[PDB]
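One structure below.
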Amino acid sequence: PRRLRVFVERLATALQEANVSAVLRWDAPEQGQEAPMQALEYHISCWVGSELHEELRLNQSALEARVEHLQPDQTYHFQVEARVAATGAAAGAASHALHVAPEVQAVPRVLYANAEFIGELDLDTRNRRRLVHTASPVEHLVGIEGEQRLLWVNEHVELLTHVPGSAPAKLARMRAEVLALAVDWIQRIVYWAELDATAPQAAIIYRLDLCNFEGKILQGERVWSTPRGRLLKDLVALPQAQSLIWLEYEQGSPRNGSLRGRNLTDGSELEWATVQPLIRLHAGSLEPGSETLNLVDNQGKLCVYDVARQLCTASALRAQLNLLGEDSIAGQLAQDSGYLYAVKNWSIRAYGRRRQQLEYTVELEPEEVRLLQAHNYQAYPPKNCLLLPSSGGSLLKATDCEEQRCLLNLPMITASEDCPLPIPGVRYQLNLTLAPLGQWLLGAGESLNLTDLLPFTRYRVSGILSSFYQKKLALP
Amino acid sequence: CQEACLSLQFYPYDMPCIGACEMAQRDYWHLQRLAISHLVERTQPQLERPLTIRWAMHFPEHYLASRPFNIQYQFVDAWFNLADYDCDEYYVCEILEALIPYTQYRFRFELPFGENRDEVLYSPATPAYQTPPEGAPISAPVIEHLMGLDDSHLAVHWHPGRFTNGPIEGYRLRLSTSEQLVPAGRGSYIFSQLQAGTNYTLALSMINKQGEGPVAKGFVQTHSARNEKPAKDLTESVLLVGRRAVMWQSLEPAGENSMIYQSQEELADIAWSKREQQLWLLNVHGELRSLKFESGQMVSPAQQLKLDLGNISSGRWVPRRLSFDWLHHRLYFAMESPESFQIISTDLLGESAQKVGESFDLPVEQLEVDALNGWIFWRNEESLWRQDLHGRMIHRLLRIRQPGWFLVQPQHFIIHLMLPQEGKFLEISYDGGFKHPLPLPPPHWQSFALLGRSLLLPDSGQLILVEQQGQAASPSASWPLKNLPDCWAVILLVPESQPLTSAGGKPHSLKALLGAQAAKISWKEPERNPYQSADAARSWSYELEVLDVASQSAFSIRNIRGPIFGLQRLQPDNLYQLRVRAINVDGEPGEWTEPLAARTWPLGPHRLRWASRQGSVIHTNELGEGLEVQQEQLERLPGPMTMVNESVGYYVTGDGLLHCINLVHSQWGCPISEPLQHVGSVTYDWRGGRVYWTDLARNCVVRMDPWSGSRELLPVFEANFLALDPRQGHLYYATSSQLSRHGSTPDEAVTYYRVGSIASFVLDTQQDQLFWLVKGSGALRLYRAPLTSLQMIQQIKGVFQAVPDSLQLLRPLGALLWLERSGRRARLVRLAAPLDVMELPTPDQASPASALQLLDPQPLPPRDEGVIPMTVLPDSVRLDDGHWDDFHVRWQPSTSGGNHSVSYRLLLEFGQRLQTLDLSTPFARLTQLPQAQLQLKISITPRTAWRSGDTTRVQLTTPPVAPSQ
Ligand SMILES: *[C@@H]1O[C@H](CO[C@@H]2O[C@@H](C)[C@@H](O)[C@@H](O)[C@@H]2O)[C@@H](O[C@@H]2O[C@H](CO)[C@@H](O)[C@H](O)[C@H]2NC(C)=O)[C@H](O)[C@H]1NC(C)=O
Ligand SMILES: *[C@@H]1O[C@H](CO)[C@@H](O[C@@H]2O[C@H](CO)[C@@H](O)[C@H](O)[C@H]2NC(C)=O)[C@H](O)[C@H]1NC(C)=O
Ligand SMILES: *[C@@H]1O[C@H](CO)[C@@H](O)[C@H](O)[C@H]1NC(C)=O
Ligand SMILES: *[C@@H]1O[C@H](CO)[C@@H](O)[C@H](O)[C@H]1NC(C)=O
Ligand SMILES: *[C@@H]1O[C@H](CO)[C@@H](O)[C@H](O)[C@H]1NC(C)=O
Ligand SMILES: *[C@@H]1O[C@H](CO)[C@@H](O)[C@H](O)[C@H]1NC(C)=O
Ligand SMILES: *[C@@H]1O[C@H](CO)[C@@H](O)[C@H](O)[C@H]1NC(C)=O
Ligand SMILES: *[C@@H]1O[C@H](CO)[C@@H](O)[C@H](O)[C@H]1NC(C)=O
Ligand SMILES: *[C@@H]1O[C@H](CO)[C@@H](O)[C@H](O)[C@H]1NC(C)=O
Ligand SMILES: *[C@@H]1O[C@H](CO)[C@@H](O)[C@H](O)[C@H]1NC(C)=O
């Protein structure tokens with residue numbers, strides 16, 4: 001007999017409230033082959049405690065329903081009765097009670113990329129889709145899932161994107177071997193790493209802003225670089241910690257992995273302490289205040305790194321992942337908010353985070369998965385933090401002027417003291433006037449340099465501030 | 001039933017249709033629960049292993065009409081709801097909840113029947129299933145007791161935590177650093193070699209096979225360092241007792257090595273007193289010579305004291321040992337049979353003899369008593385034992401071959417024992433599980449003495465003063481002992497050898513129950529450590545202060561011989577700070593407690609009405625004294641009594657029955673003859689003069705005139721508790737889920753709260769606020785909202801909760817009262833100080849309490865004729881029609897006494913055609929006029945917000961209607 005399978009999902013769009021909803025999937029009861037396919041009328045009663053929340057009546061061949069507007073940290077009771085719709089005879093009944101807990105529960109869907117396409121593999125229904133058909137195969141794949149955007153690097157070394165309902169748009173073309181790829185989903189910055197092929201080989205971290213993309217091919221900017229003779233692997237962007245964490249290894253010693261990173265605001269180098277040298281790093285929980293990392297050391301064991309305490313953390317999934325072997329835990333490992341996925345012996349295994357057990361095991365073809373990625377919960381800031389700030393203030397700070405030119409610094413703006421994260425897509429626009437002489441549309445982080453100014457002469461700059469989201473909402 | 005019984009004539013609520021639908025549905029679910037109750041309560045759910053409960057039942061036929069069934073779980077060592085489970089129609093349930101590992105569980109089913117909260121069934125519990133062990137422990141090990149024994153040692157006793165999450169292996173102790181692992185069977189550790197007079201911090205953790213648990217934190221002082229007297233300033237005195245020569249000696253550099261007593265017979269044992277200074281001498285033949293001395297010389301000779309044998313003593317018993325209790329003034333004897341050693345305690349006269357323990361064949365070498373810590377110790381050649389003074393509990397400390405003479409320090413709690421066969425130092429604690437070595441200087445001494453950090457070892461010619469690290473060949477001072485052959489007993493004559501002072505005390509858990517001019521206060525005694533017994537004495541006098549914050553004046557009263565104190569003569573409506581300490585016999589008091597803000601009641605005859613579970617009713621004051629047993633007899637389990645006038649009261653019992661009682665004259669006064677079933681609560685409007693109750697079977701509110709018994713159904717649905725504001729006529733009601741307001745118009749209906757469930761509420765009409773209790777999952781959460789900012793005032797956690805409909809508002813104090821569900825306590829929370837929860841105990845004549853009310857000092861006001869609508873004049877009801885389609889009825893407008901808003905309800909009868917209107921003007925337009933000259937019947941019901949006037953019924957002839965368009 002086929003049981004009622006309910007999964008809660010928490011879907012968060014930027015400038016919108018997170019919505020937590022319950023997806024119910026129930027298979028049909030077994031019918032004879034002489035009888036045709038029958039309509040099953042599914043009656044659901046959702047209960048909060050002793051009161052009734054929602055009630056839906058659906059004519060479906062198999063139950064695929066969605067209860068909206070659930071609240072976190074509360075026990076719900078879904079009572080489903082299945083009748084045959086033509087006759088009224090009761091096919092079955094089910095009663096699922098569910099504490100919600102959206103940080104440990106999600107829908108088991110992965111994004112898999114072979115040489116032909118990028119698809120979604122739902123591990124419950126064992127069904128495969130195709131989101132985008134690729135002419136050339138995918139080497140690295142990250143995503144922004146508030147707007148369902150896929151960002152990937154092809155074999156011809158080009159960085160591309162996909163929104164549903166359009167063509168694959170070309171974002172960048174670069175001329176070296178890309179070692180790793182990451183995205184900050186809040187500020188819409190794509191970071192990657194390129195191989196530098198001098199005789200001490202290095203890797204340079206390039207960034208691109210998605211708010212500056214209007215349909216033509218952009219070019220990346222060098223932000224940081226590693227020390228010479230060392231190389232990068234497995235770039236993970238932590239936006240709420242404002243960090244960029246990679247595995248820095250030395251060329252010739254790939255099993256000496258050390259957890260290195262940069263700080264995303266001021267560019268300062270940061271170090272994280274491990275008890276053993278590493279081979280592989282994967283992204284973790286990505287929840288604010290409880291960010292983890294799944295990281296594999298040189299003996300093929302895993303720690304769940306808590307990055308605030310900077311320590312390994314014991315869990316019940318750790319021995320079950322270490323029983324699979326080194327090649328399975330080092331090749332493909334992904335983690336969303338609800339599950340944790342590994343590939344071993346042409347089969348994808350999903351381990352639940354709440355129950356700490358093996359939940360799903362789905363067999364594959366020998367070339368169906370080359371890259372695995374998960375729908376991890378990208379926690380967005382609130383609506384005052386993402387948008388343009390109300391108060392103007394003295395954001396423009398004058399430096400020490402020479403007689404010929406002044407180096408006006410353009411810093412990066414947070415909206416209030418309640419918003420610790422930077423505002424996405426910040427563009428200053430400046431007139432220069434003699435207290436126009438010059439017009440600039442310039443982003444945050446760089447400086448304006450202000451040549452051909454007269455000595456012993458007052459000057460004025462005036463500017464409006466714009467963000468990506470105030471252009472999207474058409475706010476003034 | 002509101003949507004099923006929807007009619008276009010009686011709108012918006014066809015009230016008897018809704019009441020008949022709701023009463024038929026509760027009768028249906030009552031008959032279904034009475035049908036399936038035996039099959040639920042016989043059938044046990046079975047567990048199998050995802051974890052799966054199989055219950056031998058089925059879902060009901062109207063399965064979606066009922067509430068959700070709940071699987072409930074219980075720890076084996078209350079029932080909480082399981083959150084994650086998956087059941088099909090044959091109850092083959094799969095638990096998806098992350099259970100606590102290595103915890104045994106029991107599971108059961110809860111089947112509700114409809115929306116009624118009374119009709120639940122509980123299945124029997126499962127056989128007990130333990131979760132398999134995995135992971136680190138999540139519970140810190142809670143320490144029981146943690147104290148400094150002396151300046152160098154530290155003792156801790158603990159128990160394991162609740163969720164061990166595995167089989168227990170070892171506990172880790174960290175002292176700040178000193179770390180130590182101890183195995184699973186031991187739960188007591190004593191450290192050593194600590195610094196004197198600093199506090200240490202102890203960190204205790206639990207270790208199983210998988211990992212290490214959380215860390216328990218402790219702050220604990222050692223004892224301060226004793227003053228070290230040198231050899232030049234040693235002012236002590238010793239009494240060395242040999243078998244044939246007893247000599248008292250001064251430990252000065254100019255010491256007198258002076259004879260006190262010579263006995264030619266060999267003495268078996270001595271007993272030494274401190275205030276009396278008496279050396280009892282028991283010889284080898286068994287006769288006792290009581291010998292009083294004074295400061296090392298004779299003041300009285302030896303007297304032969306005869307012990308009574310009695311009917312306990314059947315055979316011959318020859319005494320050998322002696323020990324003298326300095327608290328009880330009683331001796332303890334070990335006796336020899338001429339065939340076993342049995343120890344009999346006796347008085348100083350020797351007549352009141354009673355045995356302790358059982359007889360054993362081993363010979364007792366020394367009997368010593370800790371009278372302060374309540375222990376008698378007997379040492380034999382096989383073991384050292386420990387007994388309490390009443391002989392209740394028996395313990396053996398250490399087994400060893402042939403131990404020597406041990407010395408008990410009471411305030412160090414360490415037995416120091418010296419085998420002459422070993423020649424090395426041994427420290428035993430009072431539980432006997434701690435055995436420790438120390439360095440000893442080499443010589444074999446039969447006895448010793450301990451003086452601070454110094455050690456006195458008697459030689460055959462001299463005495464050796466060492467500090468247990470310097471050599472015995474070079475003592476710091478020497479005193480000659482040349483007339484003594486051997487030294488079996490050395491007694492140090494200090495007051496610290498036999499102290500009456502326990503040297504530890506700090507009272508706690510101070511509780512003050514306050515009145516207008518008095519206060520009853522109780523504090524907990526400081527608890528006993530495991531090192532002393534139940535026969536240990538800590539007889540104290542407690543000193544209590546009242547600090548007035550108005551005058552900032554501290555008054556202290558001392559010599560209170562018990563933990564309870566009835567303090568009198570307080571000025572009313574005043575706040576103080578009350579603090580207690582414990583003073584010993586020696587006059588060294590304890591530390592201060594934390595003060596509590598203790599506000600008195602205001603001045604007035606403030607009487608509380610208590611009602612039992614047996615129907616007895618008593619009137620106390622606010623302290624619970626001054627009781628008057630009232631004349632009337634209530635029924636079983638009554639609720640709070642609602643008074644209409646001063647003779648007639650109404651109450652609800654525990655089974656939902658509503659009862660009227662006339663207190664003064666019982667032959668008349670109640671308009672309803674029988675009790676009425678299924679009633680939630682009851683209240684009364686004095687201004688309208690109407691009794692409002694919730695009929696739970698009709699989920700309605702019934703309003704009754706108390707002078708006539710005429711009942712009106714009123715459209716408030718699913719309500720349990722009512723309170724009506726008499727100023728505006730607004731009814732305030734609380735459901736199980738929500739709390740809200742009903743007015744005369746639908747615009748005045750406002751919802752204050754939606755959720756556990758609301759247990760009781762109370763309305764504050766004067767200050768325009770409202771309070772309610774939410775009885776959640778083990779936490780009573782009290783709230784406050786204005787009548788036009790919702791905050792949680794106080795959350796009380798625990799398994800004890802409130803009686804439903806038991807929150808009253810103490811107006812003079814400005815507090816909230818609720819009776820607890822056990823019926824032996826009430827809790828009171830003031831509004832100015834939210835954090836203090838005083839408890840009122842219940843008087844013992846009505847020992848389970850079911851109701852507590854604050855009686856008002858003023859009488860209840862009479863009914864108001866200013867809210868009664870006047871009757872509509874039947875001559876003034878005119879059917880005057882205008883031009884076009886304006887065919888309307890008007891009347892003279894009904895007023896009230898005070899000028900209140902009078903609305904109208906109107907009924908038209910065109911024969912069999914019916915039309916109802918709800919009106920706010922003296923005016924009604926008739927629409928579907930039948931034009932053929934009928935006799936219209938018009939009935940008018942005027943009303944106000946509080947009550948309704950009489951019905952005016954007229955019959956009018958229709959005017960002729962010629963156009964039909
Ligand atoms: C779910 O379906 C039932 C049954 O649908 C009928 O039978 C199917 C095999 C198919 O042929 C359908 O088109 C038929 O309607 C619905 O019940 C019917 O509902 C309509 C609308 O109220 C009513 O007139 C009919 O009498 C009903 N028929 C029976 C046999 O009960 C039902 O309403 C559907 N549920 C929903 C939410 O649409
Ligand atoms: C309190 O009110 C009640 C009415 O609710 C009064 O009871 C009536 O008393 C008279 C005189 O004894 C009887 O004839 C009536 O039958 C009673 N009324 C009913 C409805 O039964 C009672 O007298 C009042 N008490 C006082 C002191 O006023
Ligand atoms: C969430 O709800 C909003 C409306 O409040 C809706 O616009 C958005 O598409 C929803 N996202 C989903 C599908 O979860
Ligand atoms: C691994 O790298 C660390 C950090 O640079 C270094 O100290 C160590 O020697 C390396 N170990 C080996 C075996 O190369
Ligand atoms: C990154 O920089 C910001 C701004 O100075 C600072 O608050 C933050 O602590 C830095 N982050 C880390 C992880 O050090
Ligand atoms: C691994 O996969 C192959 C595919 O044919 C199969 O034969 C084999 O049994 C698998 N091994 C295990 C341990 O499942
Ligand atoms: C001039 O402009 C560039 C481009 O932003 C900037 O990097 C640089 O710091 C400026 N200032 C100098 C050279 O002082
Ligand atoms: C700069 O000046 C031009 C000319 O008036 C104007 O179009 C433009 O909007 C100005 N920029 C800003 C930020 O005001
Ligand atoms: C130990 O000293 C600290 C330092 O202030 C203090 O907090 C604590 O109360 C002391 N502990 C005891 C048991 O006296
Ligand atoms: C009510 O109205 C009447 C008529 O206007 C008036 O005389 C009277 O003062 C009003 N107030 C009261 C309290 O009766």
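Identifiers in the structure tokens: chain A, B, ... in order shown; residue index from 1 per chain; ligand index from 1 in order shown.
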
Dump as a tab-separated table the rows for residues of chain A within 9 Å of ligand 4: closest atom pair and distance in Å with one decimal, only C-alpha atoms and all ligand atoms counted, ordered by chain and rising residue number.
```
residue	atom	partner	partner_atom_place_in_ligand_line	distance
A:249	CA	ligand 4	2 (O)	8.3
A:250	CA	ligand 4	2 (O)	8.2
A:253	CA	ligand 4	14 (O)	7.0
A:255	CA	ligand 4	1 (C)	8.3
A:256	CA	ligand 4	1 (C)	4.9
A:257	CA	ligand 4	1 (C)	7.5
A:258	CA	ligand 4	4 (C)	7.3
A:276	CA	ligand 4	1 (C)	8.9
A:277	CA	ligand 4	1 (C)	6.6
```

- Test item: residues lying within 10 Å of ligand 3 with only C-alpha atoms and all ligand atoms, as an MDAnalysis selection string: chainID A and resid 9:13 16:21 68:69 146

Interface residues on chain B facing chain A, 9 Å, only C-alpha atoms, written as a PDB file with C-alpha atoms, in the first residue's frame:
```pdb
ATOM      1  CA  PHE B  59     -11.490   5.122  11.027  1.00  0.00           C
ATOM      2  CA  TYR B  63     -14.209  10.676   9.477  1.00  0.00           C
ATOM      3  CA  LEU B  64     -13.621  14.231   8.281  1.00  0.00           C
ATOM      4  CA  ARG B  67     -11.298  16.438  15.155  1.00  0.00           C
ATOM      5  CA  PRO B  68      -7.810  14.966  14.554  1.00  0.00           C
ATOM      6  CA  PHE B  69      -6.861  11.961  16.623  1.00  0.00           C
ATOM      7  CA  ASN B  70      -3.580  12.418  18.472  1.00  0.00           C
ATOM      8  CA  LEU B  82       3.440  13.515  19.122  1.00  0.00           C
ATOM      9  CA  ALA B  83       4.015  15.894  16.242  1.00  0.00           C
ATOM     10  CA  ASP B  84       4.994  13.730  13.246  1.00  0.00           C
ATOM     11  CA  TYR B  85       3.093  10.563  12.335  1.00  0.00           C
ATOM     12  CA  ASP B  86       1.573   8.893   9.246  1.00  0.00           C
ATOM     13  CA  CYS B  87      -1.553   6.808   9.705  1.00  0.00           C
ATOM     14  CA  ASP B  88      -3.712   5.020   7.160  1.00  0.00           C
ATOM     15  CA  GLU B  89      -7.275   3.766   7.580  1.00  0.00           C
ATOM     16  CA  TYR B  90      -6.252   0.634   9.493  1.00  0.00           C
ATOM     17  CA  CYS B  93       0.945   4.474  11.986  1.00  0.00           C
ATOM     18  CA  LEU B  96       8.450  10.286  11.716  1.00  0.00           C
ATOM     19  CA  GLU B  97       9.305  12.237  14.877  1.00  0.00           C
ATOM     20  CA  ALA B  98      12.971  12.435  15.869  1.00  0.00           C
ATOM     21  CA  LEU B  99      12.720  10.687  19.233  1.00  0.00           C
ATOM     22  CA  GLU B 115     -15.692  19.705  18.257  1.00  0.00           C
ATOM     23  CA  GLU B 134      23.162   7.081  19.436  1.00  0.00           C
ATOM     24  CA  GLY B 135      25.085  10.298  19.839  1.00  0.00           C
ATOM     25  CA  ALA B 136      26.364  12.658  22.499  1.00  0.00           C
ATOM     26  CA  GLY B 211      30.758  11.300  23.023  1.00  0.00           C
ATOM     27  CA  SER B 737      -9.832  29.329  20.619  1.00  0.00           C
ATOM     28  CA  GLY B 756      -3.368  25.827  24.017  1.00  0.00           C
TER      29      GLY B 756
END
```

If the limit is 12 Å from any atom of ligand 7, counting only C-alpha atoms and all ligand atoms, which residues qualify? Return them as a compact mmCIF listing (two decimals) with N, CA and C atoms, in the first residue's frame.
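Final output, result13.txt:
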```txt
# COMPACT_ATOMS: atom_id res chain seq x y z
N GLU A 221 35.87 41.47 -13.52
CA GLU A 221 36.83 42.35 -12.88
C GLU A 221 37.64 41.54 -11.88
N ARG A 222 38.96 41.72 -11.89
CA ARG A 222 39.83 41.07 -10.92
C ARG A 222 39.66 41.72 -9.55
N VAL A 223 39.32 40.91 -8.55
CA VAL A 223 39.10 41.40 -7.20
C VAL A 223 40.23 40.97 -6.27
N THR A 399 37.99 62.94 0.27
CA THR A 399 39.35 62.62 0.68
C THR A 399 40.21 63.88 0.67
N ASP A 400 41.50 63.69 0.93
CA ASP A 400 42.43 64.81 0.91
C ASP A 400 42.78 65.18 -0.52
N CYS A 401 42.33 66.35 -0.95
CA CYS A 401 42.47 66.79 -2.33
C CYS A 401 43.88 67.29 -2.61
N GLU A 402 44.38 66.98 -3.80
CA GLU A 402 45.45 67.74 -4.41
C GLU A 402 44.86 68.92 -5.17
N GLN A 404 45.22 69.34 -8.49
CA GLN A 404 44.79 68.94 -9.83
C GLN A 404 43.58 68.01 -9.78
N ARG A 405 43.55 67.07 -8.85
CA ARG A 405 42.48 66.08 -8.82
C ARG A 405 42.18 65.65 -7.40
N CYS A 406 40.94 65.22 -7.19
CA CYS A 406 40.46 64.70 -5.91
C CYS A 406 39.98 63.28 -6.11
N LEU A 407 40.39 62.37 -5.23
CA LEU A 407 39.96 60.98 -5.30
C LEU A 407 38.68 60.82 -4.48
N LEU A 408 37.54 60.99 -5.14
CA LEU A 408 36.26 60.76 -4.48
C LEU A 408 36.00 59.27 -4.38
N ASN A 409 35.85 58.78 -3.16
CA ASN A 409 35.61 57.36 -2.90
C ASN A 409 34.11 57.12 -2.91
N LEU A 410 33.70 56.01 -3.52
CA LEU A 410 32.30 55.64 -3.58
C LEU A 410 32.10 54.42 -2.72
N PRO A 411 31.66 54.56 -1.46
CA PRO A 411 31.50 53.39 -0.60
C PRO A 411 30.21 52.64 -0.87
N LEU A 442 28.05 55.20 -12.03
CA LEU A 442 29.12 54.36 -11.50
C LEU A 442 28.61 53.54 -10.33
N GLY A 443 29.02 52.28 -10.27
CA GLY A 443 28.60 51.39 -9.21
C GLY A 443 29.38 51.60 -7.93
N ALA A 444 29.01 50.83 -6.92
CA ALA A 444 29.66 50.92 -5.62
C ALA A 444 30.95 50.12 -5.60
N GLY A 445 31.89 50.57 -4.76
CA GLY A 445 33.13 49.88 -4.51
C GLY A 445 34.35 50.53 -5.14
N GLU A 446 34.17 51.23 -6.25
CA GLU A 446 35.25 51.90 -6.95
C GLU A 446 35.32 53.37 -6.53
N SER A 447 36.08 54.17 -7.27
CA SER A 447 36.28 55.57 -6.93
C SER A 447 36.19 56.43 -8.18
N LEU A 448 35.90 57.71 -7.98
CA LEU A 448 35.83 58.70 -9.05
C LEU A 448 36.96 59.69 -8.86
N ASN A 449 37.61 60.07 -9.96
CA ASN A 449 39.01 60.40 -9.80
C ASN A 449 39.28 61.84 -10.17
N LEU A 450 38.38 62.42 -10.99
CA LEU A 450 38.05 63.86 -11.05
C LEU A 450 39.21 64.72 -11.55
N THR A 451 39.62 64.43 -12.78
CA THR A 451 40.73 65.12 -13.40
C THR A 451 40.29 66.48 -13.96
```

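Near ligand 9, at distances of 8 Å or less and with only C-alpha atoms and all ligand atoms counted, sit the residues residues 198, 199, 200, 219, 220 and 221 of chain B.
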
Hey, which residues sit close to ligand 8? Say within 12 Å, counting only C-alpha atoms and all ligand atoms, and write them as a compact mmCIF listing (two decimals) with N, CA and C atoms, in the first residue's frame.
```txt
# COMPACT_ATOMS: atom_id res chain seq x y z
N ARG A 427 23.99 51.97 -7.78
CA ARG A 427 24.56 52.81 -8.82
C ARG A 427 24.38 54.26 -8.42
N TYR A 428 25.49 54.95 -8.18
CA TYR A 428 25.49 56.39 -8.09
C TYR A 428 25.39 57.01 -9.48
N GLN A 429 24.75 58.17 -9.56
CA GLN A 429 24.81 58.99 -10.77
C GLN A 429 25.15 60.42 -10.38
N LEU A 430 26.20 60.96 -10.99
CA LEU A 430 26.80 62.22 -10.57
C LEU A 430 26.85 63.23 -11.71
N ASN A 431 26.40 64.44 -11.40
CA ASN A 431 26.85 65.67 -12.03
C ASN A 431 28.07 66.17 -11.27
N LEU A 432 29.03 66.71 -12.02
CA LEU A 432 30.08 67.56 -11.47
C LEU A 432 29.80 69.00 -11.89
N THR A 433 29.89 69.93 -10.93
CA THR A 433 29.66 71.34 -11.20
C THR A 433 30.75 72.17 -10.54
N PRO A 436 26.57 70.34 -17.23
CA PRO A 436 27.47 69.87 -16.17
C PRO A 436 28.90 69.64 -16.65
N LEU A 437 29.85 69.63 -15.71
CA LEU A 437 31.24 69.40 -16.08
C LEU A 437 31.50 67.93 -16.38
N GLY A 438 30.76 67.03 -15.74
CA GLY A 438 30.95 65.61 -15.96
C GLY A 438 29.75 64.83 -15.48
N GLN A 439 29.47 63.72 -16.16
CA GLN A 439 28.35 62.84 -15.86
C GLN A 439 28.90 61.44 -15.66
N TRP A 440 28.53 60.80 -14.55
CA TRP A 440 28.94 59.42 -14.31
C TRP A 440 27.78 58.57 -13.80
N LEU A 441 27.64 57.37 -14.36
CA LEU A 441 26.82 56.31 -13.81
C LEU A 441 27.79 55.23 -13.33
N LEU A 442 28.05 55.20 -12.03
CA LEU A 442 29.12 54.36 -11.50
C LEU A 442 28.61 53.54 -10.33
N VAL A 461 29.81 68.21 -6.25
CA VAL A 461 29.28 67.02 -6.89
C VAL A 461 27.87 66.79 -6.38
N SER A 462 27.00 66.38 -7.29
CA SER A 462 25.62 66.09 -6.94
C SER A 462 25.24 64.76 -7.56
N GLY A 463 24.55 63.93 -6.80
CA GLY A 463 24.25 62.61 -7.31
C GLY A 463 22.95 62.06 -6.77
N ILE A 464 22.30 61.26 -7.60
CA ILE A 464 21.18 60.45 -7.16
C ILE A 464 21.70 59.05 -6.89
N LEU A 465 21.00 58.34 -6.03
CA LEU A 465 21.34 56.97 -5.69
C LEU A 465 20.26 56.06 -6.25
N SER A 466 20.67 54.98 -6.91
CA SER A 466 19.73 54.04 -7.47
C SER A 466 20.14 52.63 -7.08
```

- Task: Would you mind listing what lies within 12 Å of range 916-919 of chain B as a VMD selection string, with only C-alpha atoms counted and same-chain residues fewer than 5 positions away left out?
- Result: chain B and resid 7 to 14 744 to 745 889 to 890 893 901 to 910 924 to 927 937 to 943

- Surrounding residues as a VMD selection string, ligand 1, max 9 Å, only C-alpha atoms and all ligand atoms: chain A and resid 38 to 43 56 to 60 84 to 88

- Query: Separation of CA of residue 407 in chain B and CA of residue 300 in chain B, in Å?
  - Reply: 28.2 Å

- Item | Exercise answer, 9 Å around ligand 6 with only C-alpha atoms and all ligand atoms, as a PyMOL selection string | chain A and resi 344-347+366

Limited to N, CA and C atoms, could you put the picked residues into a file as a PDB file, in the first residue's frame?
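Final output, saved to selection-v6.pdb:
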```
ATOM      1  N   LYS A 344      26.724   7.333  -5.224  1.00  0.00           N
ATOM      2  CA  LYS A 344      27.537   6.140  -5.018  1.00  0.00           C
ATOM      3  C   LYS A 344      26.958   5.004  -5.846  1.00  0.00           C
ATOM      4  N   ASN A 345      27.797   4.455  -6.742  1.00  0.00           N
ATOM      5  CA  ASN A 345      27.566   3.253  -7.562  1.00  0.00           C
ATOM      6  C   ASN A 345      26.343   3.403  -8.473  1.00  0.00           C
ATOM      7  N   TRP A 346      26.359   4.516  -9.233  1.00  0.00           N
ATOM      8  CA  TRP A 346      25.317   4.964 -10.179  1.00  0.00           C
ATOM      9  C   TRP A 346      23.950   5.110  -9.514  1.00  0.00           C
ATOM     10  N   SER A 347      23.945   5.634  -8.295  1.00  0.00           N
ATOM     11  CA  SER A 347      22.716   5.797  -7.540  1.00  0.00           C
ATOM     12  C   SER A 347      22.860   7.011  -6.645  1.00  0.00           C
ATOM     13  N   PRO A 366      24.540   5.079 -16.164  1.00  0.00           N
ATOM     14  CA  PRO A 366      25.955   5.442 -15.917  1.00  0.00           C
ATOM     15  C   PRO A 366      26.418   6.814 -16.404  1.00  0.00           C
TER      16      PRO A 366
END
```

- Message: Excluding range 22-39 of chain B and its own-chain neighbours fewer than 2 positions away, which residues fall within 6 Å of it when counting only C-alpha atoms? Please give them as a PyMOL selection string.
- Response: chain B and resi 19-20+41-42+113+697-698
